[PDB]
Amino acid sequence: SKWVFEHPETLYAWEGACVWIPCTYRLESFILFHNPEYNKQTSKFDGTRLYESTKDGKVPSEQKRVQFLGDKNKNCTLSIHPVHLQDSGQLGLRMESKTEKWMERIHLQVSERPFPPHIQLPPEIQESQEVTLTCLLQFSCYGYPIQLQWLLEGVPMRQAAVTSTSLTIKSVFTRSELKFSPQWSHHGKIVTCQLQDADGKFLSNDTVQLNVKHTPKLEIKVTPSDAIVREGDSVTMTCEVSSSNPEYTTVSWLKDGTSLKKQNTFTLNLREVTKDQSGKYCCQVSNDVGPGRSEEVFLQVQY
């Protein structure tokens, strides 16, 4: 009709912090209520009054808890410093111009404790492919600066994080994006995003246990590693997997680039060997990602 307002639908904060509420609209007096209730019986709005623009001599803003930072023509942004649990509920902006009156409601949800952030990761992380892990917190207020810190197994992750802050009519948040090149060994590790205040102090955090796809990593062993193998002797080689994500399907053995016929187990036994068995040996274990191979063992037969 005669009023248009724009602001986030819900604003989030916690006890002891501040809330900064962007607001635009399109005035004789402004009054901020908490949970305004119209009484039809007395024809008035009842409830606690958080701000009155009419009280003359009203002290400068930062000497008040509830501060109206707006104008007479476009701006209705608000500031609560400090914000309290009892402020949780509905903020009623009662505006009066010369003919019409309006009550605009903005939701302020105050938690007793700092709420946690939320990590957004790609559905597909694989080794040596760069991905941006994202940490999102739905809070920002100029009077209460904060920071987001990435941890790896409780240890301040070494990479650089990038922090950005949005305080608009559409959304209010602080976001951190950290780029890093995951390896096979991040799979199964715990990544944490800690929300802190200025000092390195804990407020809340979000946590993930990384799922990193990788081709199989292999460790090859040989029995006569320390010693001599002449003709006839026995030699045992084993193929160990360190990790594989997803699970492996088969195992194979290769000698000087050619795959050994009917040698698809994790143990290679050469018994009654000849000098022709000399050469370079490896194993191959296959993933749904692809195959991995271990190091080569060069068996030299002595005679």
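One-based numbering along the sequence shown.
Gap size between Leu27 and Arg26, counted in deposited residues that the entry leaves unmodelled: 4 to 9 residues lack coordinates between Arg26 and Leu27.
Averaging the C-alpha B factors as listed in the entry, name the stretch that ends up higher: 1-9 or 293-301. Looking at the recorded C-alpha B-factors, 1-9 comes out higher on average.
Could you check the entry and say whether 69-77 or 109-117 has the higher mean CA B-factor? Taking the mean B-factor of the alpha carbons in each, 69-77 is higher.
Going by the deposited entry, which of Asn245, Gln63, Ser252, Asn269 has the highest CA temperature factor? Answer, based on the entry's C-alpha B-factors: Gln63.
C-alpha B-factor winner, where the candidates are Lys189, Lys221, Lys217, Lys179: Checking the PDB record, the top C-alpha B-factor among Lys189, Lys221, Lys217, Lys179 is at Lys179.
Ranking every modelled residue in this chain by its Cα temperature factor as given in the entry, which third contains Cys193? It falls in the bottom third of the chain.
Assigned third (lowest, middle, highest) for the C-alpha B factor of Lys275: Highest third - that is where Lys275 ends up once the chain's C-alpha B-factors are sorted.
Third assignment of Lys40 from its chain's C-alpha B-factors: CA B-factor rank for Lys40: highest third.
Taking only the Cα B-factors deposited for this chain, tell me whether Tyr144 sits in the lowest, middle or highest third. Highest third.
Entry-reported Cα temperature factor of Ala161, expressed as the chain third it lands in: For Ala161, the deposited C-alpha B-factor lands in the middle third.
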